[PDB]
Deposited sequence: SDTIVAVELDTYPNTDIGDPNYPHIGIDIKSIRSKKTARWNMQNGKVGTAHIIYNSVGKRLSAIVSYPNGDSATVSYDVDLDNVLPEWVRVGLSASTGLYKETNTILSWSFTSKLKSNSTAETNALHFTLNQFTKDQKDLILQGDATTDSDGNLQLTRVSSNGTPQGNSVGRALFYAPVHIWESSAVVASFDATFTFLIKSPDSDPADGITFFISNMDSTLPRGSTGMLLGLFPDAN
């Protein structure tokens, strides 16, 4: 059993497991059933930006996703992540397709963790994903293509997405997401993405997630489960 915290860019409504009946952004604390969601107008073929922000003093996990034309969606959830995650974690990106499909392309990814100037800190930014990105752990169908972009889920040589794909990219170094001696733990994550499908109803979405160090893809996690959970509890 992996422990999971995640911000989800859910493009396909699986209303049976709690989804609203539209594309949406959500905050997932140890369950695919988001503790809080917001309506999200996904824009086929456009490059969006997700910003995730957490603060251990305020104990609020906040996320906003937006597109160059302005359209944004925002969700927030009161949660003390020091009561959820282990001391050391890995951070990652995941994505899935199912019966409906889409590109799950990452163009850039940034993360910053700070423990507080006796500050422990970790920060990375990736704007070009080389073929052998030695500081990323790729799982499932995730690969890096010839444009220097990360393809979380399978895409054909044409460029057309495929269904029933799962893929995840984890940063190589573990993250001291909190330590006992800290008065301020905090982190911020940013990624830009390109989701494009022929489907007038694409699937399934992208997430940013935090998990225990040794986390691999749970069996039975494609489509609605976003490569994060074994079931829908």
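- Of the deposited sequence, only positions 117-120 lack a modelled C-alpha atom.
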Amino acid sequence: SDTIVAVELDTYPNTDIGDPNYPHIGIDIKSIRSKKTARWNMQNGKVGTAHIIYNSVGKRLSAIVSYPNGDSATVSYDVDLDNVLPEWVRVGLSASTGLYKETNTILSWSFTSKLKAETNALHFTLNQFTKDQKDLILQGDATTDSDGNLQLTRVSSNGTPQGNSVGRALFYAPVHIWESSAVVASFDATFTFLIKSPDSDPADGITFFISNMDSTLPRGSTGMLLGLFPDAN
From here on, numbers count along this sequence of modelled residues.
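- The stretch 154-162 shows the higher mean C-alpha B-factor when 154-162 is compared against 122-130 in the entry.
- Stretches 175-183 and 62-70 differ in mean CA B factor, with 175-183 having the higher one.
- Ranking 37, 41, 56, 192 by the C-alpha B-factor listed in the PDB entry places 41 at the top.
- Within the listed group 142, 107, 91, 117, the record reports its top CA B-factor for 117.
- Ranked by Cα temperature factor within the chain, residue 224 sits in the middle third according to the deposited record.
- In the PDB entry, residue 232 places in the highest third of its chain by CA B-factor.
- Residue 167: CA B factor in the middle third of modelled residues in this chain (values from the PDB entry).
- Among the modelled residues of its chain, residue 75 has a C-alpha B-factor that falls in the middle third according to the deposited record.
- In this PDB entry, the Cα temperature factor of residue 99 sits in the top third of its chain's modelled residues, the highest group.
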